[PDB]
Every structure is written in structure tokens, then in C-alpha cells.
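1. coords below, sequence missing:
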Ligand code: FES
């Protein structure tokens with residue numbers, strides 16, 4: 001029960017990494033050590049916005065609940081639209097199965 005993911009970069013933008021349904025925090029990327037130019041700016045615990053990165057709106061948009069409370073760190077994550085969503089505290093999912101993550105560039 002594993003799930004694949006795609007990581008966007010700058011050179012060829014189109015990384016990737018195999019994950020497991022139920023992964024832990026600050027996982028996946030690091031799990032493989034993907035480029036992830038930044039690798040958990042804060043180191044997690046919420047503080048940065050370069051963790052989850054852009055998330056297929058078909059995954060994020062599928063959430064009718066988000067406010068100053070939910071955001072916490074987001075708020076106006078330079079680049080955030082309707083797909084990205086800071087996590088660094090969420091386990092993998094079937095939705096992310098073959099998802100393309102893109103850093104907002106910070
Ligand atoms: S690494 Fe900084 S909030 Fe996730």
C-alpha cells in the first residue's frame with residue numbers, strides 16, 4: 001500500500017518519490033531526500049511554507065474548511081492559491097497518489 005508523488009523543481013521540475021499510505025510528518029520528500037530545495041525550512045512544527053507545497057487543487061480544493069485558525073502558518077503563503085496547503089503533520093493519502101507538488105519558491 002504505497003503511493004507515488006511528483007515534486008516540481010526549477011531545472012526540469014518533475015521530481016518524484018514513493019510514499020506509504022499513512023506516512024508520517026516531514027516524510028516522503030526526505031524519505032527519499034528529494035531535491036526539495038529547502039528541506040523543511042523550519043524543520044517542521046509549523047513556521048515555514050515549504051513543506052507540503054502546491055497540492056493538486058483536486059486534493060486541497062476538496063476541503064470546505066480553512067481560516068486564520070486552520071491556516072496557522074499559511075495565511076498568505078506567497079504562492080498559495082487553491083491547491084497548496086501546509087501540512088508537515090499529515091499522513092499520506094490516496095488522493096496524493098500520483099500528486100504533483102510544487103514549491104511556492106521562498
Ligand atoms: S517544515 Fe516548516 S511547517 Fe513544515
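-> Arrived safely, thanks for sending. Residues are numbered from 1 along each chain as shown.

2. hmm, residue 15 is touching residue 6, no?
-> Yes. Counting by CB atoms under 8 Å, residue 6 is a contact partner of residue 15 at 6.6 Å. No exception for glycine: its C-beta is placed from N, CA and C like everyone else's.

3. identify the residue spatially nearest to the one residue sitting closest to the centre of the chain, adjacent ones excluded.
-> Centroid-nearest residue in the chain, with CA atoms, centre = their mean: residue 52, separated by 1.7 Å. Setting aside the residues directly before and after it, residue 52 is nearest to residue 87 in space (CB to CB, 6 or more residues apart in numbering), at 4.1 Å.

4. and that neighbour, backbone torsions?
-> phi -130, psi -80 (degrees, to the nearest 10).

5. that one: what's it in contact with?
-> 25, 51-52 (CB atoms under 8 Å, 6 or more residues apart in numbering).

6. mind running it again at 10 Å?
-> Neighbour list for residue 87: 25-26, 44, 46, 51-53, 55, 96 [criterion: CB atoms under 10 Å, 6 or more residues apart in numbering].

7. residue 27 now?
-> 17, 19-20, 88, 90-92.

8. do residue 47 as well
-> Neighbouring residues of residue 47 by CB under 10 Å, 6+ apart: 40-41, 72-73, 86, 88.

9. if we use 7 Å, what do you get?
-> residue 73 (CB atoms under 7 Å, 6 or more residues apart in numbering).

10. same deal with the one 10 residues further on?
-> Taking CB under 7 Å, 6+ apart as the criterion, residue 57 is in contact with 82-83.

11. now with 10 Å?
-> 81-85.
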